[PDB]
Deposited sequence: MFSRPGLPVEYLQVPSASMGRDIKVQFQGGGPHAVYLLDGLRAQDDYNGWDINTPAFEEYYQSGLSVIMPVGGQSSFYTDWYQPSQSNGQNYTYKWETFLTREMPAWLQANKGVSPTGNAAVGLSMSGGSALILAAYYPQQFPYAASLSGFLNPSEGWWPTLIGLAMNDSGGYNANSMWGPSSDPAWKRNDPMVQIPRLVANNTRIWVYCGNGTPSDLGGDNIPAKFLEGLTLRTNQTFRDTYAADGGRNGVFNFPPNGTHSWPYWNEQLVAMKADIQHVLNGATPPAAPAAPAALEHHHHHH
């Protein structure tokens, strides 16, 4: 979708913590950057944002760099306890370490991208991830967006539902990631639980949730997902949050066209927060 000729590079960025090189699609355009995180079925060739949207073209000459890490199927962009126990994964996912230490160090030294003052933007799987990244690394991420995110992953049925989704997407094991649902890692990585961090740090947060996919069990799931997002909004407000944008248009969909529309819509917001 992005027109050809844009200054998009394909970088090999070593991850010491994962023992392998991570491919990163990169468009330079300023010291502060938008980190575009992929969904549950993240591929190893291209980030879903580049496959499905004109994101690079839309942010060309925005005054912001654009970073699209490639890979991490079912990873939740988190640091796992162990290699996924069932599908033969022969290393441990350490994607939080990659995104908060290894990759920004690489981009600082080699490109001049600032490790501080950036935006994390995620969808589906990574909507919660973006918020968690800002919750724990507020200097790196004064801005976070969650598009159709799952924002109370530790609560009720959600750890089991997440486990089911991860198994469907490449046979990954949620127990290898954050342990049993009683493990402290589930609450650590739950955006709802970490709302006080988002408030204390005055993070700019952009939260979108659609009402369905363009295409009954799915209808129940989507209603539950919207309700979790609305509860997140309500809890954020109750805990003193004052720096959020909450987009719940009834005709909004869970689709790459609407997630792209949100990415374009938030551009001015990110520019104002990161570049003043």
In sequence order, name the stretches of the deposited sequence that have no C-alpha in these coordinates.
-> 1, 217-222, 284-303
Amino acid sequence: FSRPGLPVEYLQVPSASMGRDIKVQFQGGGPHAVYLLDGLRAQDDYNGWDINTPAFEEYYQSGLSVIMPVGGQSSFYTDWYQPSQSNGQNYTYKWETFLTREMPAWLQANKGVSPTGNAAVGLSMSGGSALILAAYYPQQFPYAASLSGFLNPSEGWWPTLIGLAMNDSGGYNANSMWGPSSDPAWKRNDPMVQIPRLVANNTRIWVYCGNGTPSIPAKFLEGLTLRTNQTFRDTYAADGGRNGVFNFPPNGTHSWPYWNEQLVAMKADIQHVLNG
From here on, numbers count along this sequence of modelled residues.
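Take the two forms, find the largest set of C-alpha atoms that superpose within 1.5 Å, and that set is the rigid core.
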Per-stretch CA RMS vs shown form in 5 other deposited structures of this protein, rigid core as reference, larger of 247-255/22-30 is 247-255
The stretch whose C-alpha atoms carry the larger average B-factor in the entry, 155-163 or 97-105, is 155-163
Which wins on mean Cα temperature factor, 42-50 or 221-229?
-> 221-229
Name the residue from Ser129, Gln73, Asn175, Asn118 with the greatest C-alpha temperature factor listed in the entry.
-> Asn175
Candidate residues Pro142, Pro191, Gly149, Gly170, the one whose C-alpha B factor the record puts highest | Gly170
On the chain's distribution of Cα B-factors, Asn201 falls within the third called highest
Once the chain's modelled residues are ordered by C-alpha B factor and cut into thirds, is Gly210 in the lowest, middle or highest one?
-> highest
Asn251 by Cα B-factor - lowest, middle or highest third of the modelled chain = highest
Report the third (lowest, middle or highest) to which the CA temperature factor of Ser124 belongs, ranking only the modelled residues of the same chain.
-> lowest
Compared with the other modelled residues in the chain, in which third is the CA B-factor of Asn243?
-> middle
